[PDB]
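Notes follow once the structure below has been shown.
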Amino acid sequence: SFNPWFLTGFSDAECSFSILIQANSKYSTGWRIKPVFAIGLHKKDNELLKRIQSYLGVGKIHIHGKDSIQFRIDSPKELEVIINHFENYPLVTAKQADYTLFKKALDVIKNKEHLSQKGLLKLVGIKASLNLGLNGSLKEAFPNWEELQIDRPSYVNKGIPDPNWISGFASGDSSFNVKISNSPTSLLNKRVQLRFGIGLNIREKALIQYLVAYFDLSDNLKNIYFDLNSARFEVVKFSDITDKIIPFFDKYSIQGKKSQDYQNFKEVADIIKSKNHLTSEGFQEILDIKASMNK
DNA sequence: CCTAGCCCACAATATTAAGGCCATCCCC
DNA sequence: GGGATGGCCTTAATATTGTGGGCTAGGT
Ligand SMILES: [Ca+2]
Ligand SMILES: [Ca+2]
């Protein structure tokens with residue numbers, strides 16, 4: 001029906017676990033509490049989110065913006081489903097720490113304890129270390145938030161669990177693109193390369209290393225980059241793309257809007273492999289393909 | 001009244017999708 | 001060594017997580 005590791009991979013890429021504490025005097029604490037699991041996608045991926053909706057058997061899909069939709073689960077009863085899933089197919093990235101805090105928050109909630117002052121203070125303390133933390137509104141309303149705040153759970157990376165996790169994740173958080181460049185020394189005075197990359201935040205250094213080892217690219221100790229904010233890898237060696245990247249994703253396939261892109265990626269790979277990118281007709285073919293990708 | 005169900009829609013910054021150009025390879 | 005690819009480094013414009021707000025119903 002729907003591979004469960006892909007779902008965890010896609011969720012590592014795309015989901016978010018929020019606990020919203022919204023100011024509202026119609027409530028007895030002055031605050032409403034909203035637990036939200038959410039994946040936001042372009043309107044073009046409504047069918048992917050519908051598949052996810054049936055797989056889980058819970059959740060609703062709503063208009064999210066001019067050309068976007070959101071799959072949302074906000075009920076504590078229905079969130080039992082999404083929690084059970086991840087207990088069985090755990091998040092691989094640091095998101096797992098946001099998830100752990102979301103669980104703790106949800107216990108306060110399932111026990112109606114968020115409707116007391118003691119419970120609210122607990123949630124502020126949990127929310128302090130969750131995603132973007134407290135807005136200004138909460139810091140004003142709870143000046144002692146620093147003391148309430150809880151230790152972010154520490155995150156040690158235990159590895160890639162299943163090849164489907166990779167395609168789930170890559171479906172949301174990888175890039176397939178055409179790298180056009182000037183070439184003085186070539187007869188066309190222009191040049192093409194294919195590029196597959198994944199760019200994450202530096203706290204995922206270990207994951208980026210585990211990924212490059214998984215594809216069998218780790219050879220040489222390079223094409224991996226650690227900027228101060230970003231850990232990244234990019235494959236541009238045509239043989240590496242042809243023999244390691246494509247064969248993987250032919251088997252564990254990219255899903256959603258990025259598959260239209262993977263498909264064009266391969267079209268271009270077919271043109272290069274046949275040396276037709278050295279003719280101007282072919283190089284235009286590629287430029288035309290490129291224009292229509294990711295855009 | 002006091003709550004959650006359900007829905008639409010913004011924010012700012014991490015991400016996504018590239019682009020420049022030196023180093024290096026190899027068929028010839 | 002002409003003609004091509006590999007790889008390190010850089011970056012803009014805005015999707016992407018993450019969030020904010022309000023209408024509604026139902027129990028008590
Ligand atoms: Ca992501
Ligand atoms: Ca993504």
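We name chains A, B, ... following the order of the structure tokens; residues begin at 1 in each chain, and ligands are numbered from 1 as shown.
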Protein and nucleic residues near ligand 1, 7 Å, only C-alpha atoms (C1' of nucleotides) and all ligand atoms, as a PyMOL selection string: chain A and resi 12-14+172-173
Skip residue 21 (chain C) itself and residues of its chain fewer than 4 positions away, then list as a list in words all residues within 12 Å of it, counting only C-alpha atoms (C1' of nucleotides).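 So the residues in contact are residues 20, 21, 22, 23, 24 and 32 of chain A; 7, 8, 9 and 10 of chain B.
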Could you please take those selected residues and save C-alpha atoms (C1' of nucleotides) as a compact mmCIF listing (two decimals), in the first residue's frame?
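What ended up in result_11.txt:
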```
# COMPACT_ATOMS: atom_id res chain seq x y z
CA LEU A 20 1.13 25.85 19.65
CA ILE A 21 0.29 27.84 22.77
CA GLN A 22 -1.88 30.62 21.46
CA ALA A 23 -3.11 33.62 23.45
CA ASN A 24 -6.87 33.40 23.80
CA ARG A 32 -5.22 27.54 23.88
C1' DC B 7 -10.15 25.11 8.02
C1' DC B 8 -7.45 28.86 5.68
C1' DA B 9 -3.27 31.43 5.28
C1' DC B 10 1.31 34.13 6.62
```
As a PDB file with N, CA, C and O atoms (P, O5', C5', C4', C3', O3' and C1' of nucleotides), in the first residue's frame, please: every protein or nucleic acid residue near ligand 2 (cut-off 9 Å, counting only C-alpha atoms (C1' of nucleotides) and all ligand atoms).
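Just written: out.pdb:
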```pdb
ATOM      1  N   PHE A  10      10.360  10.553   4.261  1.00  0.00           N
ATOM      2  CA  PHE A  10       9.690  11.764   3.795  1.00  0.00           C
ATOM      3  C   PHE A  10       9.372  12.679   4.985  1.00  0.00           C
ATOM      4  O   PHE A  10       9.487  13.881   4.889  1.00  0.00           O
ATOM      5  N   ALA A  13      12.290  14.479   6.104  1.00  0.00           N
ATOM      6  CA  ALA A  13      12.518  15.568   5.172  1.00  0.00           C
ATOM      7  C   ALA A  13      11.576  16.751   5.385  1.00  0.00           C
ATOM      8  O   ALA A  13      12.028  17.884   5.450  1.00  0.00           O
ATOM      9  N   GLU A  14      10.287  16.459   5.508  1.00  0.00           N
ATOM     10  CA  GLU A  14       9.220  17.418   5.280  1.00  0.00           C
ATOM     11  C   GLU A  14       8.272  17.711   6.428  1.00  0.00           C
ATOM     12  O   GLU A  14       7.548  18.683   6.358  1.00  0.00           O
ATOM     13  N   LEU A  41       2.921  20.821   1.231  1.00  0.00           N
ATOM     14  CA  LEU A  41       3.400  20.581  -0.128  1.00  0.00           C
ATOM     15  C   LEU A  41       2.679  21.478  -1.113  1.00  0.00           C
ATOM     16  O   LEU A  41       1.658  22.083  -0.779  1.00  0.00           O
ATOM     17  N   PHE A 169      13.273  10.354   2.099  1.00  0.00           N
ATOM     18  CA  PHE A 169      14.010  11.561   2.402  1.00  0.00           C
ATOM     19  C   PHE A 169      14.448  12.330   1.163  1.00  0.00           C
ATOM     20  O   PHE A 169      14.415  13.541   1.144  1.00  0.00           O
ATOM     21  N   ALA A 170      14.904  11.622   0.142  1.00  0.00           N
ATOM     22  CA  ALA A 170      15.462  12.267  -1.058  1.00  0.00           C
ATOM     23  C   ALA A 170      14.352  12.898  -1.880  1.00  0.00           C
ATOM     24  O   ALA A 170      14.573  13.868  -2.596  1.00  0.00           O
ATOM     25  N   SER A 171      13.152  12.332  -1.745  1.00  0.00           N
ATOM     26  CA  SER A 171      11.957  12.834  -2.399  1.00  0.00           C
ATOM     27  C   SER A 171      11.638  14.249  -1.945  1.00  0.00           C
ATOM     28  O   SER A 171      11.143  15.056  -2.717  1.00  0.00           O
ATOM     29  N   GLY A 172      11.915  14.541  -0.689  1.00  0.00           N
ATOM     30  CA  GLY A 172      11.639  15.856  -0.136  1.00  0.00           C
ATOM     31  C   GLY A 172      12.856  16.753  -0.052  1.00  0.00           C
ATOM     32  O   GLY A 172      12.741  17.942  -0.231  1.00  0.00           O
ATOM     33  N   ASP A 173      14.036  16.195   0.180  1.00  0.00           N
ATOM     34  CA  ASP A 173      15.216  16.989   0.556  1.00  0.00           C
ATOM     35  C   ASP A 173      16.455  16.661  -0.241  1.00  0.00           C
ATOM     36  O   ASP A 173      17.534  16.657   0.294  1.00  0.00           O
ATOM     37  N   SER A 174      16.316  16.374  -1.517  1.00  0.00           N
ATOM     38  CA  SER A 174      17.482  16.277  -2.403  1.00  0.00           C
ATOM     39  C   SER A 174      17.250  17.105  -3.636  1.00  0.00           C
ATOM     40  O   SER A 174      16.127  17.509  -3.906  1.00  0.00           O
TER      41      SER A 174
ATOM     42  P    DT B  15      17.801  23.535   6.498  1.00  0.00           P
ATOM     43  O5'  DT B  15      17.469  23.833   4.973  1.00  0.00           O
ATOM     44  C5'  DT B  15      16.072  23.870   4.627  1.00  0.00           C
ATOM     45  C4'  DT B  15      15.847  24.204   3.173  1.00  0.00           C
ATOM     46  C3'  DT B  15      16.469  23.235   2.171  1.00  0.00           C
ATOM     47  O3'  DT B  15      15.297  22.793   1.487  1.00  0.00           O
ATOM     48  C1'  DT B  15      16.854  25.485   1.525  1.00  0.00           C
ATOM     49  P    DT B  16      15.265  21.444   0.677  1.00  0.00           P
ATOM     50  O5'  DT B  16      15.379  21.977  -0.813  1.00  0.00           O
ATOM     51  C5'  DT B  16      14.455  23.000  -1.241  1.00  0.00           C
ATOM     52  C4'  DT B  16      14.919  23.642  -2.527  1.00  0.00           C
ATOM     53  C3'  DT B  16      15.571  22.690  -3.533  1.00  0.00           C
ATOM     54  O3'  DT B  16      14.773  22.902  -4.698  1.00  0.00           O
ATOM     55  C1'  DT B  16      16.885  24.635  -3.263  1.00  0.00           C
TER      56       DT B  16
ATOM     57  P    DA C  15       8.434  30.086  -4.270  1.00  0.00           P
ATOM     58  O5'  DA C  15       9.374  28.820  -4.054  1.00  0.00           O
ATOM     59  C5'  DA C  15       8.861  27.482  -4.033  1.00  0.00           C
ATOM     60  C4'  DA C  15       9.722  26.614  -3.143  1.00  0.00           C
ATOM     61  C3'  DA C  15       8.937  25.586  -2.341  1.00  0.00           C
ATOM     62  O3'  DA C  15       9.793  24.471  -2.077  1.00  0.00           O
ATOM     63  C1'  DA C  15       9.761  27.264  -0.877  1.00  0.00           C
ATOM     64  P    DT C  16       9.365  23.391  -1.043  1.00  0.00           P
ATOM     65  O5'  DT C  16       9.823  24.051   0.334  1.00  0.00           O
ATOM     66  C5'  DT C  16      11.219  24.146   0.674  1.00  0.00           C
ATOM     67  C4'  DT C  16      11.405  24.156   2.172  1.00  0.00           C
ATOM     68  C3'  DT C  16      10.545  23.161   2.943  1.00  0.00           C
ATOM     69  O3'  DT C  16      11.188  22.839   4.186  1.00  0.00           O
ATOM     70  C1'  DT C  16       9.900  25.310   3.542  1.00  0.00           C
ATOM     71  P    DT C  17      11.714  21.386   4.457  1.00  0.00           P
ATOM     72  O5'  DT C  17      10.720  20.763   5.527  1.00  0.00           O
ATOM     73  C5'  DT C  17       9.711  21.496   6.227  1.00  0.00           C
ATOM     74  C4'  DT C  17      10.315  22.341   7.321  1.00  0.00           C
ATOM     75  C3'  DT C  17       9.793  22.086   8.734  1.00  0.00           C
ATOM     76  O3'  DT C  17      10.717  22.639   9.676  1.00  0.00           O
ATOM     77  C1'  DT C  17       8.958  24.138   7.955  1.00  0.00           C
TER      78       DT C  17
END
```
Open item on the list: Report as a list in words all protein, DNA and RNA residues lying within 12 Å of residue 87 (chain A), evaluated on only C-alpha atoms (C1' of nucleotides), omitting residues in the same chain fewer than 6 positions from it.
Closed with: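 Final neighbour list, sorted by chain and number: residues 4, 5, 8, 80, 81, 96, 99, 100 and 103 of chain A.
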Kindly save the residues from that selection, with N, CA, C and O atoms included, as a PDB file, in the first residue's frame.
```
ATOM      1  N   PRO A   4       6.448   1.940   4.752  1.00  0.00           N
ATOM      2  CA  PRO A   4       6.461   2.736   5.971  1.00  0.00           C
ATOM      3  C   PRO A   4       7.783   3.452   6.235  1.00  0.00           C
ATOM      4  O   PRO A   4       7.805   4.426   6.963  1.00  0.00           O
ATOM      5  N   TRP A   5       8.871   2.968   5.651  1.00  0.00           N
ATOM      6  CA  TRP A   5      10.162   3.624   5.802  1.00  0.00           C
ATOM      7  C   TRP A   5      10.264   4.831   4.891  1.00  0.00           C
ATOM      8  O   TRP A   5      10.871   5.834   5.249  1.00  0.00           O
ATOM      9  N   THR A   8       8.641   7.503   6.827  1.00  0.00           N
ATOM     10  CA  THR A   8       9.549   8.071   7.833  1.00  0.00           C
ATOM     11  C   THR A   8      10.635   8.951   7.196  1.00  0.00           C
ATOM     12  O   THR A   8      10.980  10.006   7.719  1.00  0.00           O
ATOM     13  N   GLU A  80      -2.277   9.382  17.986  1.00  0.00           N
ATOM     14  CA  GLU A  80      -1.831   8.086  18.472  1.00  0.00           C
ATOM     15  C   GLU A  80      -1.354   7.235  17.309  1.00  0.00           C
ATOM     16  O   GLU A  80      -0.449   6.428  17.461  1.00  0.00           O
ATOM     17  N   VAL A  81      -1.969   7.424  16.150  1.00  0.00           N
ATOM     18  CA  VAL A  81      -1.590   6.693  14.937  1.00  0.00           C
ATOM     19  C   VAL A  81      -0.194   7.066  14.448  1.00  0.00           C
ATOM     20  O   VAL A  81       0.650   6.203  14.201  1.00  0.00           O
ATOM     21  N   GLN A  96      14.081  13.957  15.339  1.00  0.00           N
ATOM     22  CA  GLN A  96      13.674  13.007  16.362  1.00  0.00           C
ATOM     23  C   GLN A  96      13.686  13.569  17.739  1.00  0.00           C
ATOM     24  O   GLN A  96      13.026  13.068  18.602  1.00  0.00           O
ATOM     25  N   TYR A  99      10.497  15.418  17.982  1.00  0.00           N
ATOM     26  CA  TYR A  99       9.472  14.410  18.128  1.00  0.00           C
ATOM     27  C   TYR A  99       9.358  13.974  19.582  1.00  0.00           C
ATOM     28  O   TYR A  99       8.254  13.931  20.135  1.00  0.00           O
ATOM     29  N   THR A 100      10.491  13.662  20.203  1.00  0.00           N
ATOM     30  CA  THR A 100      10.507  13.282  21.612  1.00  0.00           C
ATOM     31  C   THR A 100       9.827  14.326  22.509  1.00  0.00           C
ATOM     32  O   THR A 100       9.164  13.966  23.460  1.00  0.00           O
ATOM     33  N   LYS A 103       6.051  14.242  21.998  1.00  0.00           N
ATOM     34  CA  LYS A 103       5.461  13.150  22.789  1.00  0.00           C
ATOM     35  C   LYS A 103       5.191  13.609  24.214  1.00  0.00           C
ATOM     36  O   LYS A 103       4.083  13.477  24.696  1.00  0.00           O
TER      37      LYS A 103
END
```
With 12 Å as the cut-off and only C-alpha atoms (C1' of nucleotides) counted, what is the closest atom pair between each nearby residue of chain C and chain A? Distances in Å to one decimal, ordered by chain and number, as a tab-separated table.
```
residue	atom	partner	partner_atom	distance
C:1	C1'	A:185	CA	10.9
C:2	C1'	A:185	CA	7.6
C:3	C1'	A:186	CA	5.4
C:4	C1'	A:186	CA	6.5
C:5	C1'	A:237	CA	8.0
C:6	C1'	A:237	CA	6.5
C:7	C1'	A:223	CA	7.1
C:8	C1'	A:223	CA	8.4
C:9	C1'	A:225	CA	10.0
C:10	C1'	A:227	CA	11.6
C:14	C1'	A:295	CA	11.8
C:15	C1'	A:42	CA	9.1
C:16	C1'	A:40	CA	8.0
C:17	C1'	A:16	CA	6.4
C:18	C1'	A:16	CA	6.9
C:19	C1'	A:20	CA	7.8
C:20	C1'	A:22	CA	8.0
C:21	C1'	A:22	CA	8.9
C:22	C1'	A:24	CA	11.0
```
Fill in: Sel. of helix (DSSP H, G or I) residues, region 47-187 of chain A, as a ChimeraX atom specification
/A:47-56,76-88,95-110,113-115,117-127,136-141,145-148,163-173
Env of residue 17 (chain B): 12 Å cut, atoms = only C-alpha atoms (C1' of nucleotides), seq-sep filter 3 positions within chain, self excluded. Answer as number ranges by chain. A: 173-180, 195-199, 261, 290-291, 293-295; C: 11-15
Just N, CA and C atoms (P, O5', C5', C4', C3', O3' and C1' of nucleotides) for this one: save the residues we selected as a PDB file, in the first residue's frame.
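Wrote part32.pdb, looks like this:
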```pdb
ATOM      1  N   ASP A 173      14.036  16.195   0.180  1.00  0.00           N
ATOM      2  CA  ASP A 173      15.216  16.989   0.556  1.00  0.00           C
ATOM      3  C   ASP A 173      16.455  16.661  -0.241  1.00  0.00           C
ATOM      4  N   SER A 174      16.316  16.374  -1.517  1.00  0.00           N
ATOM      5  CA  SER A 174      17.482  16.277  -2.403  1.00  0.00           C
ATOM      6  C   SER A 174      17.250  17.105  -3.636  1.00  0.00           C
ATOM      7  N   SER A 175      18.316  17.346  -4.389  1.00  0.00           N
ATOM      8  CA  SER A 175      18.207  18.122  -5.617  1.00  0.00           C
ATOM      9  C   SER A 175      18.837  17.395  -6.808  1.00  0.00           C
ATOM     10  N   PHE A 176      18.082  17.315  -7.903  1.00  0.00           N
ATOM     11  CA  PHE A 176      18.557  16.782  -9.168  1.00  0.00           C
ATOM     12  C   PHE A 176      18.555  17.941 -10.125  1.00  0.00           C
ATOM     13  N   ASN A 177      19.722  18.336 -10.602  1.00  0.00           N
ATOM     14  CA  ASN A 177      19.768  19.476 -11.497  1.00  0.00           C
ATOM     15  C   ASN A 177      20.864  19.438 -12.498  1.00  0.00           C
ATOM     16  N   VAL A 178      20.734  20.346 -13.455  1.00  0.00           N
ATOM     17  CA  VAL A 178      21.661  20.486 -14.563  1.00  0.00           C
ATOM     18  C   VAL A 178      22.567  21.684 -14.330  1.00  0.00           C
ATOM     19  N   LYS A 179      23.865  21.442 -14.418  1.00  0.00           N
ATOM     20  CA  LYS A 179      24.874  22.411 -14.022  1.00  0.00           C
ATOM     21  C   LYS A 179      25.543  22.911 -15.286  1.00  0.00           C
ATOM     22  N   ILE A 180      25.095  24.085 -15.746  1.00  0.00           N
ATOM     23  CA  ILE A 180      25.585  24.686 -16.995  1.00  0.00           C
ATOM     24  C   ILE A 180      26.617  25.728 -16.684  1.00  0.00           C
ATOM     25  N   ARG A 195      24.150  16.848 -11.583  1.00  0.00           N
ATOM     26  CA  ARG A 195      24.425  17.031 -10.194  1.00  0.00           C
ATOM     27  C   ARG A 195      23.283  16.483  -9.384  1.00  0.00           C
ATOM     28  N   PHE A 196      23.635  15.636  -8.435  1.00  0.00           N
ATOM     29  CA  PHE A 196      22.734  15.170  -7.394  1.00  0.00           C
ATOM     30  C   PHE A 196      23.326  15.615  -6.082  1.00  0.00           C
ATOM     31  N   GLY A 197      22.548  16.320  -5.281  1.00  0.00           N
ATOM     32  CA  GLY A 197      23.035  16.736  -3.995  1.00  0.00           C
ATOM     33  C   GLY A 197      22.026  16.587  -2.899  1.00  0.00           C
ATOM     34  N   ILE A 198      22.531  16.522  -1.673  1.00  0.00           N
ATOM     35  CA  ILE A 198      21.728  16.712  -0.469  1.00  0.00           C
ATOM     36  C   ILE A 198      22.395  17.737   0.459  1.00  0.00           C
ATOM     37  N   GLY A 199      21.660  18.798   0.785  1.00  0.00           N
ATOM     38  CA  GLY A 199      22.133  19.838   1.685  1.00  0.00           C
ATOM     39  C   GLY A 199      21.346  19.893   2.986  1.00  0.00           C
ATOM     40  N   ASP A 261      11.218  15.668 -12.069  1.00  0.00           N
ATOM     41  CA  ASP A 261      12.582  16.166 -12.187  1.00  0.00           C
ATOM     42  C   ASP A 261      13.607  15.039 -12.400  1.00  0.00           C
ATOM     43  N   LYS A 290      16.216  21.733 -19.012  1.00  0.00           N
ATOM     44  CA  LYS A 290      16.608  22.403 -17.772  1.00  0.00           C
ATOM     45  C   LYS A 290      15.645  23.510 -17.402  1.00  0.00           C
ATOM     46  N   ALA A 291      15.302  24.337 -18.381  1.00  0.00           N
ATOM     47  CA  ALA A 291      14.306  25.407 -18.199  1.00  0.00           C
ATOM     48  C   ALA A 291      13.053  24.880 -17.495  1.00  0.00           C
ATOM     49  N   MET A 293      12.722  22.210 -15.617  1.00  0.00           N
ATOM     50  CA  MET A 293      12.923  21.437 -14.377  1.00  0.00           C
ATOM     51  C   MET A 293      12.815  22.330 -13.177  1.00  0.00           C
ATOM     52  N   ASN A 294      12.398  21.746 -12.047  1.00  0.00           N
ATOM     53  CA  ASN A 294      12.416  22.416 -10.730  1.00  0.00           C
ATOM     54  C   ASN A 294      11.758  23.812 -10.689  1.00  0.00           C
ATOM     55  N   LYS A 295      11.081  24.187 -11.778  1.00  0.00           N
ATOM     56  CA  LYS A 295      10.612  25.549 -12.061  1.00  0.00           C
ATOM     57  C   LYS A 295       9.168  25.432 -12.533  1.00  0.00           C
TER      58      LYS A 295
ATOM     59  P    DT C  11      29.407  34.687  -2.541  1.00  0.00           P
ATOM     60  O5'  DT C  11      27.976  34.399  -3.172  1.00  0.00           O
ATOM     61  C5'  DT C  11      27.795  34.329  -4.598  1.00  0.00           C
ATOM     62  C4'  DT C  11      26.324  34.186  -4.903  1.00  0.00           C
ATOM     63  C3'  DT C  11      25.400  34.860  -3.884  1.00  0.00           C
ATOM     64  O3'  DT C  11      24.274  35.423  -4.565  1.00  0.00           O
ATOM     65  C1'  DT C  11      24.860  32.603  -4.009  1.00  0.00           C
ATOM     66  P    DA C  12      23.872  36.945  -4.299  1.00  0.00           P
ATOM     67  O5'  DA C  12      22.427  37.089  -4.962  1.00  0.00           O
ATOM     68  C5'  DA C  12      22.111  36.631  -6.293  1.00  0.00           C
ATOM     69  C4'  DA C  12      20.645  36.259  -6.365  1.00  0.00           C
ATOM     70  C3'  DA C  12      19.754  36.966  -5.330  1.00  0.00           C
ATOM     71  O3'  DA C  12      18.853  37.979  -5.832  1.00  0.00           O
ATOM     72  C1'  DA C  12      19.585  34.536  -5.111  1.00  0.00           C
ATOM     73  P    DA C  13      17.763  37.689  -7.008  1.00  0.00           P
ATOM     74  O5'  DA C  13      17.338  36.169  -6.800  1.00  0.00           O
ATOM     75  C5'  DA C  13      16.424  35.536  -7.714  1.00  0.00           C
ATOM     76  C4'  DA C  13      15.431  34.693  -6.948  1.00  0.00           C
ATOM     77  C3'  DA C  13      14.274  35.460  -6.308  1.00  0.00           C
ATOM     78  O3'  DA C  13      13.193  34.543  -6.324  1.00  0.00           O
ATOM     79  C1'  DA C  13      15.317  34.207  -4.678  1.00  0.00           C
ATOM     80  P    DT C  14      11.698  35.013  -6.509  1.00  0.00           P
ATOM     81  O5'  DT C  14      10.893  33.872  -5.741  1.00  0.00           O
ATOM     82  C5'  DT C  14      11.337  32.484  -5.794  1.00  0.00           C
ATOM     83  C4'  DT C  14      11.137  31.785  -4.469  1.00  0.00           C
ATOM     84  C3'  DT C  14       9.895  32.233  -3.682  1.00  0.00           C
ATOM     85  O3'  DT C  14       9.054  31.160  -3.240  1.00  0.00           O
ATOM     86  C1'  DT C  14      11.764  32.110  -2.281  1.00  0.00           C
ATOM     87  P    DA C  15       8.434  30.086  -4.270  1.00  0.00           P
ATOM     88  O5'  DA C  15       9.374  28.820  -4.054  1.00  0.00           O
ATOM     89  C5'  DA C  15       8.861  27.482  -4.033  1.00  0.00           C
ATOM     90  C4'  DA C  15       9.722  26.614  -3.143  1.00  0.00           C
ATOM     91  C3'  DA C  15       8.937  25.586  -2.341  1.00  0.00           C
ATOM     92  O3'  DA C  15       9.793  24.471  -2.077  1.00  0.00           O
ATOM     93  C1'  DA C  15       9.761  27.264  -0.877  1.00  0.00           C
TER      94       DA C  15
END
```
For chain A, which residues have at least one atom within 7 Å of chain B, if we go by only C-alpha atoms (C1' of nucleotides)? Write them as a PyMOL selection string, please.
chain A and resi 27+62-65+179+181
Note to self: Considering only strand (DSSP E or B) as DSSP defines it on the backbone, what residues of region 227-267 of chain A qualify? List them as an MDAnalysis selection string.
What the structure shows: chainID A and resid 230:235
